[PDB]
């Protein structure tokens, strides 16, 4: 396999190793078993720094891979599929708790920031951004989903393990920050305190209108300055992220009620979730002449819509994966047909495969994430099989998941070492195995 040598692996989990052995024995396709082995543990192998803080509480720093900082998004997804093993592995469990606690610490340092350093560093590369940068931050691109992924992870950890110890005063500070930030970004009474520009040739790495972005009408939705691709939004009410905020606020509300016994703060979360949900139903649905009612990718509240999808989760395609809409919501099913078609400007189809990319890497570059999400949200084995086959056929022989690959030639690719994507691939294969679809995977020749 392509895992690091054992002495070079950063974090070892007995339960992860045992699960790798179990899947290896069930899978008859050698390439698939190998890819699983490379990818499922890649986070633990290459990105995880577990320790105890000054207070004796667990603390885990998680790098993205070939970008050396911790994203709230990537870290929340990178350890996600390990939660289901935590009850059998105390060391794994405490590492997970450490991730969540480190995420809350990040939110409290700056709830607008997407990417964090492990303490202060000097001469950070993005210190020159025209925004309120600090040495503790790697980057300060405001992305709604940065605040959702930790809530998601914390809720699943708590439900799985029963361990409420993570919901301490730093949690209360973090959810209080999440509420403040989301409300600022509804922009009801003014543009808010967040502004961003950067001197760059990359148009989506800076923000129009002196760092405020295109105007929005403050109908109750939350502005996301940037997408989970880290690209600026076009119309600033980013729809899949708003849907993720609704779910995440409701999870926070349940924690605050049942664990913290803070019913006022719980209600603040539920009320905001409801406001956003009501506004999404009113403003985010577009009567498409070909596909019927679909969800727009972005809106501005004035009546504009942006009909497309980007591979990064939260995306329109992946909403049932995160649990933000039902997979059988008829509007979602119409949307799924739309995003996976040449009516979507960021859908590409070529000699080697097809799928969704976006403006991050640009034309003709398909993201394995989109194909994985197509599989995650599929209700048909034949569709799932085409997805897994394509993921296997587009790795350029590396045994790993990439950011993107060229539609006509998977040897042209980006990000060799992208731990979130490796985690997702392991998660997908493990899901299929656990759902009784081993025979389906073994039919891949």
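Positions refer to the first chain, counted from 1.
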Q: Select between 224-232 and 279-287 the stretch whose C-alpha atoms have the higher average B-factor in the entry.
A: 279-287
Q) On average, are the C-alpha B-factors higher in 267-275 or in 345-353? A) 345-353
Q) When you compare the CA B-factors of 146, 335, 208, 328 as listed in the entry, which one comes out on top? A) 328
Q) Comparing residue 93 with the other modelled residues of its chain, is its CA B-factor in the lowest, middle or highest third? A) middle
Q.
What third of the chain does residue 299 rank in for C-alpha temperature factor, lowest, middle or highest?
A. lowest
Q: Relative to the other modelled residues of the same chain, rank the CA B-factor of residue 198 and answer lowest, middle or highest third.
A: middle
Q. Considering only modelled residues of the same chain, in which third does the CA B-factor of residue 123 rank: lowest, middle or highest?
A. highest
**Q.** Ranked against its chain, the third holding the CA B-factor of residue 192
**A.** lowest
